[PDB]
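Where a number appears in this text, it was derived from the coordinates with a stated rule and is not lab data. So basically every Cβ, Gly included, is an ideal-geometry build from the backbone, and we count neighbours across all protein chains shown.
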Ligand SMILES: Nc1ncnc2c1ncn2[C@@H]1O[C@H](COP(=O)(O)OP(=O)(O)O)[C@@H](O)[C@H]1O
């Protein structure tokens, strides 16, 4: 298993492409996105959630910091991080797989 | 980053507003919700998943207890909890922000 | 609370039933599935499963069977998170999760 940080961004749908570009520019290998609903701060609003598995904590925080500094003054959103282990993932773990041995 | 408990409730779609009402009454600061499918062990059923990040474990368990007692003896549903750290979140972290140096 | 492994499988939508069948055959008591989008190697419509298992070996058995059977030919990732189940009739049994 390969340790990963799972970065989660829940935010407004209109930032989809801008956030995807930031994800791509961080070096992350991919991302999953979904339509969600939410309340913050009749009442529910449509929003999107991104999930980005990253090899390092620093890549996850780069994406988070770049998103927040650029957009979170003006747009609703939260960003949080969970620990995960990747078991299978051609691009994430490379050709040796997620449980290569030395 | 601010430690959080991510409470997850997966249940029947007809309980959307009822469970939202409990979350709103609890003092949790927000929630995310999504349409899902699922099977339990009592084809795929239409259901909903809530995610509620809470500042304390006691709040998460209070929500969970209240939902479970009020509905889960009469309706299908599971509740679980994951550890998360919040990096950005106006409401969750408050005006202090998420103490980036912690 | 009862410790659980949350196995997450994100893959191509066409594998929905095939993966469901493997989950069911593993002993897992249930699963959740949702429609998502993803970019790996624009966004493509795909599906995400979440399966809570009582043991880590059951989670890895599902993962291994899925990957061997499908991941040479189909796009996908599989990862695992730690969770604790608070309420879950089948998952925790008649005594509850504690
Ligand atoms: N072991 C599990 N892993 C992932 N999701 C589950 C699991 N068990 C139940 N679920 C989800 O929770 C929903 C409610 O489950 P329920 O029908 O109450 O299960 P049970 O009757 O097995 O306790 C299911 O439709 C499914 O989406």
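General remarks:
- Subset of the stretch C:22-42 (residues that are more than 30 Å from residue C:95 (Cβ to Cβ) and either touching a helix residue (DSSP H, G or I) at 6+ places or on another chain (Cβ under 8 Å) or part of a helix (DSSP H, G or I) (or both)): C:35, C:39, C:40, C:41
- Being closer than 28 Å to residue B:72 by Cβ and either away from the ligand (no atom under 12 Å from the Cβ) or over 11 Å from the mean Cα position of the chain (by Cα) (or both) is true of residue C:4.
- Test for residue A:9: is it outside any strand (DSSP E or B) and in contact with a helix residue (DSSP H, G or I) (Cβ under 9 Å, 6 or more places away or on another chain): no
- Selection within the stretch A:1-15 - surrounded by fewer than 20 Cβ atoms within 10 Å (Cβ to Cβ) and closer than 26 Å to residue B:23 by Cβ: A:12, A:13, A:14
- For residue B:72, the requirement of being surrounded by 15 or more Cβ atoms within 10 Å (Cβ to Cβ), within 14 Å of the ligand (Cβ to nearest atom) and more than 9 Å from every other protein chain (Cβ to nearest Cβ) is not met.
- Some residue of the stretch B:76-86 being more than 10 Å from chain C (Cβ to nearest Cβ) and touching a helix residue (DSSP H, G or I) at 6+ places or on another chain (Cβ under 8 Å): yes
- Count of the stretch A:19-63 residues, restricted to those that are exposed (fewer than 15 other Cβ atoms within 10 Å of the Cβ) and either more than 13 Å from chain C (Cβ to nearest Cβ) or over 22 Å from residue C:9 (Cα atoms) (or both), is 10.
- Only listed residue being within 20 Å of residue A:80 (Cβ to Cβ) and within 15 Å of the ligand (Cβ to nearest atom), chosen from B:52, B:48, B:9: B:9
- Annotation: residue C:59 fulfils all but one of (1) over 9 Å from residue C:5 (Cα atoms); (2) part of a helix (DSSP H, G or I); the unmet one is (1).
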